[PDB]
RNA sequence: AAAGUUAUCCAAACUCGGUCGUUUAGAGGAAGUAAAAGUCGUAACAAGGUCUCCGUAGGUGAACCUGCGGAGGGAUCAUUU
RNA sequence: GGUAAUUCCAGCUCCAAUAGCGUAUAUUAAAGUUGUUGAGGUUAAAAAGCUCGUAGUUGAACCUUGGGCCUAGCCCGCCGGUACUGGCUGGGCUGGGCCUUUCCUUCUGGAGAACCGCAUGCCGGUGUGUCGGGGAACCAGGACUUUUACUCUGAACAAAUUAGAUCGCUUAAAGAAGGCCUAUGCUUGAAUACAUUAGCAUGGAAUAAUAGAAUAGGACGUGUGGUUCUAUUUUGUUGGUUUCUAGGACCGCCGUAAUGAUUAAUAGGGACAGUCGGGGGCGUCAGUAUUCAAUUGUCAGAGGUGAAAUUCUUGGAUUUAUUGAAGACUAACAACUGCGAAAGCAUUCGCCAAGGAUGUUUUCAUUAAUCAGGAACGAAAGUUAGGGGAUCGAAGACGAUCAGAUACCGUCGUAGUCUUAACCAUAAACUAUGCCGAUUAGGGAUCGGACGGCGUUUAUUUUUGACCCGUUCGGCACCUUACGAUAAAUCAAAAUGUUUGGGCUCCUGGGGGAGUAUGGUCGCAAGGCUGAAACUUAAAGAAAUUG
RNA sequence: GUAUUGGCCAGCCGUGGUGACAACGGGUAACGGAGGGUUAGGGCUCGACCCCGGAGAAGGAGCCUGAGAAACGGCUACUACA
RNA sequence: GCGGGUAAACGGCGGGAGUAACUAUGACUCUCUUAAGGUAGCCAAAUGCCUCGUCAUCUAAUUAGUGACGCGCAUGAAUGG
RNA sequence: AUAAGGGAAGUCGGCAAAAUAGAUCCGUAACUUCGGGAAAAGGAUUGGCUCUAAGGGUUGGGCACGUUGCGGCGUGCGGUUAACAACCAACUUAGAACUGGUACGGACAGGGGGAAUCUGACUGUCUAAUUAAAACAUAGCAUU
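Protein chains in written order, with UniProt numbering: chain L, 2 to 130; chain H, 3 to 144; chain Z, 2 to 151.
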């Protein structure tokens with residue numbers, strides 16, 4: 002059964018982008034999904050998205066503009082200290098100059114670079130570059 | 003694929019690795035300590051013994067020669083083994099009741115080359131050293 | 002798909018987006034509640050109480066008209082059944098299989114069905130006990146189960 | 001107030017029996033691996049000259065043969081009112 | 001290495017390390033050949049025969065967001081001036097204050113400010129003073145606050161060791177020493193980080209669990225009644241008694257309030273309607289054929305094979321027609337078609353309970369996925385007692401073939417083949433391909449249900465049934481293609497994997513010895529399940545190419 | 001009874017305690033730790049041995065003196081050596 | 001008399017020669033011979049004359065006892081193993 | 001009936017005799033038709049006297065009226081004595097102290113045991129007056 006709605010949304014986006022389409026539909030919508038898209042949007046990797054509201058859960062229609070290589074999710078949400086954050090960027094990021102690792106902390110979910118500025122840590126939930 | 007992946011499944015993963023680790027052959031012989039029990043050497047590197055007789059051993063099928071092994075009884079536990087005498091014309095240096103010292107071929111319990119069923123070689127005779135006698139660096143005591 | 006099967010049907014009902022009664026209903030919520038209690042006293046279970054109202058005259062959704070569900074309404078009027086209807090029907094089917102089975106001793110297929118039905122009763126009864134609908138000492142005894150149905 | 005003496009307690013040690021563990025001798029019986037100029041057949045690989053194989057039961061110097069139910073890893077992806 | 005040895009024994013020459021080099025055993029890297037990061041399971045080693053289910057692991061969405069002003073600390077760009085300095089209505093980063101329906105518990109005490117006037121004094125501000133309206137903040141004490149996981153910062157905790165700062169022991173491994181003019185003197189160092197599991201405090205409040213008002217046993221009030229316990233100092237002192245007052249527990253009456261229940265998942269269970277199928281159980285009905293027996297007509301061969309023989313025959317074989325009994329089996333229709341968890345299931349009719357799909361503006365509200373042990377069913381052969389015993393036919397007896405033929409071919413033939421009541425639990429039990437969920441490309445066929453439509457056909461005829469066109473849900477399959485995958489054969493999954501994480505269970509680690517020995521457990525037995533070691537070896541094996 | 005708590009011991013009275021989240025038993029060529037070796041990260045393996053804690057003086061038990069010993073370069077007895 | 005059936009009816013179920021790179025043995029082969037030539041098992045056994053058969057064990061010493069070997073004068077399958 | 005030291009050296013052969021023996025508490029193998037083997041094998045205790053503890057039966061239960069020679073009933077109720085008081089009666093079981101020329105089922109009564117072979121399955125029956133067995137019978141199986 003459906004055990005991770007976040008994985009379903011990210012997987013569906015990846016398939017459509019690789020085949021060259023421009024728009025995607027996501028059937029279930031949640032707060033974590035929307036908060037994840039906003040981080041991607043502020044860096045220019047996607048365009049506008051709109052959430053139609055049926056009374057069950059709503060849907061999302063995202064607009065693609067290329068520029069996106071992969072977006073994945075880590076299924077067991079490990080606990081990561083602030084001191085060991087440099088291990089992960091070496092593992093699942095193509096290069097040091099660009100790419101982002103998404104975390105969830107007590108101050109909202111955020112990328113791995115602003116969290117260093119605010120000196121905060123938490124749990125890891127995904128990545129995109 | 004098919005492993006448990008949850009955050010509270012550390013017991014199953016640890017148990018599974020312990021069980022399947024026995025299928026390895028190198029680890030299985032280490033855990034059971036077969037060398038301490040079955041090997042003629044008590045898990046050591048060398049051993050001393052007494053020579054009983056001189057025996058010739060035929061080479062394997064493609065080759066044809068006489069390998070000129072020797073029979074030895076170990077002082078430590080009284081077991082009997084066979085050992086190979088290296089170099090050319092060295093049986094002439096060994097007599098009966100000569101207190102030889104042995105070692106392995108380095109294949110770690112397996113026969114080396116075409117010699118069948120031989121796992122040891124003679125290193126010293128009468129406490130002089132075989133190779134030193136071959137090059138006439140020393141004279142065998144009487 | 003299915004609890005004990007391999008089918009994967011998707012037949013169901015679609016709830017309309019609107020949450021307001023149609024303009025032609027012209028029936029007060031108080032009249033509906035009194036109408037419901039009359040049919041319950043006649044013997045109908047909540048299952049076919051709704052279908053009588055929908056098919057025969059008027060109300061399509063009782064919730065939109067009155068703001069409450071049928072089972073909640075009946076409980077406040079002292080008409081709730083002693084055991085839940087979904088559990089009641091499972092018990093009734095299991096009794097009928099045992100009665101047939103003892104006459105046909107070597108019907109090996111019907112023996113397989115009886116194991117599935119009883120296994121479904123135990124799972125459903127456990128949920129009701131942990132929520133407070135059934136007393137914690139309630140047990141399904143095959144010997145005396147025939148009295149509960151009728 | 002010494003030798004000696006009465007009754008409990010803490011108890012080494014020996015004898016007999018029971019039980020567990022390691023090592024080892026044995027008439028005779030029945031297997032495995034290797035080696036060699038051996039004796040008798042030709043079971044398998046081609047339609048290997050009776051298509052091969054699986055579960056089960058019986059029989060014969062030996063490989064093997066035959067009955068019942070399967071599979072194609074087959075020698076057929078195929079025959080019309 | 002078998003007579004011209006680049007590989008043995010020697011003489012020359014050359015190569016590698018060098019005061020060191022070779023050998024044996026143990027251990028790490030190489031090993032992504034132990035794989036949490038990170039490994040195979042169609043054919044190379046490997047998905048339990050199948051379904052149910054307890055521990056264990058894992059589980060859909062939803063509750064305060066946004067906006068409008070002020071202000072600080074750190075960077076960069078620019079301008080100008082002398083590494084320094086200021087400015088930009090500079091653009092950013094971090095943080096703190098107010099109003100938006102929200103802002104932040106509370107009482108006592110301490111000291112005391114800001115904003116205020118009072119009069120006394122200088123060049124429209126100020127110490128004025130035991131002045132008072134007055135307590136921003138702060139400190140100490142009391143009461144109230146759903147509970148865990150997680151992260152941040154602190155405290156406490158051993159020397160040596162590891163990392164690491166300083167100083168020319170002549171350099172170095174070390175050591176913790178030293179330095180300055182010249183001094184009867186001065187001066188310095190012996191830092192810092194890490195451990196890391198558990199325990200103690202502090203800030204944060206996302207993510208993952210948990211608790212609360214539904215038979216109100218619910219919240220509030222200086223509203224108003226009761227009945228119980230406790231008793232500070234004030235009436236000199238002690239004892240005894242009473243009132244008032246203060247506190248706690250418990251129970252009424254009245255009032256106040258927006259008075260208290262999240263969706264109804266292309267998650268799941270149940271109900272209802274018309275159907276569909278060789279799904280299961282009991283009984284019953286029919287069909288020709290094979291064998292046997294009786295009656296009937298004729299007369300010499302019949303059987304079987306590549307060719308023959310054994311065998312039957314005027315005691316009438318073989319053949320021909322009519323009739324009877326017994327047991328087994330359901331031809332043609334029958335298909336790239338249907339049902340069942342799998343094994344499996346095909347003649348008619350009656351009875352009994354069960355099931356999938358479709359339809360639905362019915363109902364419950366997380367009730368779910370997979371499962372170590374555990375349990376139900378499980379072809380054929382085989383086993384224990386009765387019934388039945390037509391046909392085929394293990395064992396057995398003969399005839400041929402052959403150098404031999406305990407076989408292949410032919411004539412006979414016992415157990416068995418069928419059924420009732422109990423055991424056995426194994427198959428190439430095969431799609432050699434576990435289960436749930438999401439996404440990914442075009443096409444035409446087909447089975448079951450619903451909806452729309454032009455006609456034909458047809459009936460006590462319409463609506464229904466048959467045929468035709470299109471859409472859709474659920475199935476058994478197929479053709480083309482490759483953006484993809486693989487060693488390849490090939491695959492709509494064997495794809496979404498070096499750019500590697502959706503959940504769960506089982507199994508494998510070079511070839512033999514070996515599914516063998518031994519112990520245990522189940523069975524009447526045959527046997528099933530669990531399952532080694534000694535020893536031996538450099539190759540076994542998979543897909544494809546040329547002969 | 002002991003320096004003191006305590007099923008440490010004596011009487012009387014209850015029927016309990018641990019376990020698939022692996023009890024109980026068997027193996028250890030097993031003293032524990034600070035730490036050594038080998039390294040992309042994650043790891044694998046060793047630790048009798050200079051520092052800290054525990055135990056023993058051929059094998060078992062008993063005891064005197066003393067603040068402190070069940071001591072062995074202190075005593076008594078048995079077993080084995082001498 | 002001629003022709004069929006029947007052994008959980010009475011009863012029965014054989015000899016001679018050659019032959020495997022040390023001896024030895026004989027899987028193998030020729031030959032006479034009939035109703036069929038003793039199969040599965042078992043043994044110096046209460047059934048074996050030669051016999052106090054051969055090997056092991058028990059005893060200082062055992063014609064006795066037990067476990068094996070089997071061309072068995074003359075074992076053997078409801079005369080039941 | 002009893003015998004020093006030896007303990008089957010006697011004899012065809014342990015023939016005759018000796019040894020074990022009641023009750024309470026511990027302990028118990030191979031094999032097996034799972035019922036047995038089993039009293040397997042092998043150990044400990046036992047008197048007298050003075051005491052302690054446990055195991056039962058019967059009759060009594062507060063007010064308020066009416067009948068009756070301090071009371072028997074009619075009732076109307078309430079309460080469950082945080083179970084008290086008096087009287088009566090036999091034996092069976094467990095524990096402690098003292099005591100003796102270490103003795104005590106003090107006479108009587110009262111199983112020797114273990115490892116194997118041959119043979120009939122078992123209980124049962126017969127040659128009265130020399131043979132009680134491996135002989136007969138038996139349940140089970142098969143044939144006419």
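By construction, the Cβ of each residue, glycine as well, lies at the ideal position given by its N, Cα and C atoms.
Whether residue i touches residue j by CB criterion (7 Å)
{"i": "residue 100 of chain H", "j": "residue 127 of chain H", "result": "yes"}
{"i": "residue 83 of chain H", "j": "residue 69 of chain H", "result": "no"}
{"i": "residue 79 of chain L", "j": "residue 125 of chain L", "result": "yes"}
{"i": "residue 45 of chain Z", "j": "residue 80 of chain Z", "result": "no"}
{"i": "residue 51 of chain L", "j": "residue 62 of chain L", "result": "yes"}
{"i": "residue 88 of chain Z", "j": "residue 47 of chain Z", "result": "no"}
{"i": "residue 96 of chain Z", "j": "residue 147 of chain Z", "result": "yes"}
{"i": "residue 29 of chain L", "j": "residue 76 of chain L", "result": "no"}
{"i": "residue 118 of chain Z", "j": "residue 141 of chain Z", "result": "no"}
{"i": "residue 8 of chain L", "j": "residue 74 of chain L", "result": "yes"}
{"i": "residue 51 of chain H", "j": "residue 74 of chain H", "result": "yes"}
{"i": "residue 85 of chain H", "j": "residue 123 of chain H", "result": "yes"}
Where residue i falls: helix, strand or coil (DSSP)
{"i": "residue 62 of chain L", "result": "strand"}
{"i": "residue 47 of chain L", "result": "coil"}
{"i": "residue 107 of chain H", "result": "coil"}
{"i": "residue 26 of chain L", "result": "strand"}
{"i": "residue 134 of chain Z", "result": "coil"}
{"i": "residue 118 of chain Z", "result": "helix"}
{"i": "residue 125 of chain H", "result": "strand"}
{"i": "residue 78 of chain Z", "result": "coil"}
{"i": "residue 80 of chain L", "result": "strand"}
{"i": "residue 124 of chain L", "result": "strand"}
{"i": "residue 2 of chain L", "result": "coil"}
{"i": "residue 148 of chain Z", "result": "helix"}
{"i": "residue 60 of chain Z", "result": "coil"}
Opposing strand residues paired with residue i [DSSP bridges]
{"i": "residue 112 of chain L", "result": "L/103"}
{"i": "residue 73 of chain L", "result": "L/128"}
{"i": "residue 102 of chain H", "result": "H/51 and H/127"}
Which listed residue (the options) has its alpha carbon closest to that of residue i
{"i": "residue 41 of chain L", "options": "L/9, L/65 and L/2", "result": "L/65"}
{"i": "residue 98 of chain H", "options": "H/23, H/115, H/67 and H/54", "result": "H/54"}
{"i": "residue 103 of chain Z", "options": "Z/86, Z/115 and Z/135", "result": "Z/115"}
{"i": "residue 22 of chain L", "options": "L/103, L/119, L/6 and L/67", "result": "L/67"}
{"i": "residue 55 of chain L", "options": "Z/20, Z/2, Z/78 and Z/27", "result": "Z/20"}
{"i": "residue 129 of chain L", "options": "L/44, L/5 and L/31", "result": "L/44"}
Cβ-heavy atom distance, residue i to the ligand ZN, below 6 Å
{"i": "residue 106 of chain L", "result": "Although the ligand ZN was asked about, the structure shown includes no ligands whatsoever."}
(request) With a floor of 3 residues, list each beta strand (DSSP E) that falls wholly inside the segment 35 to 94 of chain H, ordered by position along the chain. (result) 49 to 57, 71 to 76 and 82 to 86
(request) Write down every uninterrupted run of the alpha helix (DSSP H) in the segment 11 to 55 of chain Z whose length is 4 residues or greater and which is fully enclosed by it, in chain order. (result) 30 to 43
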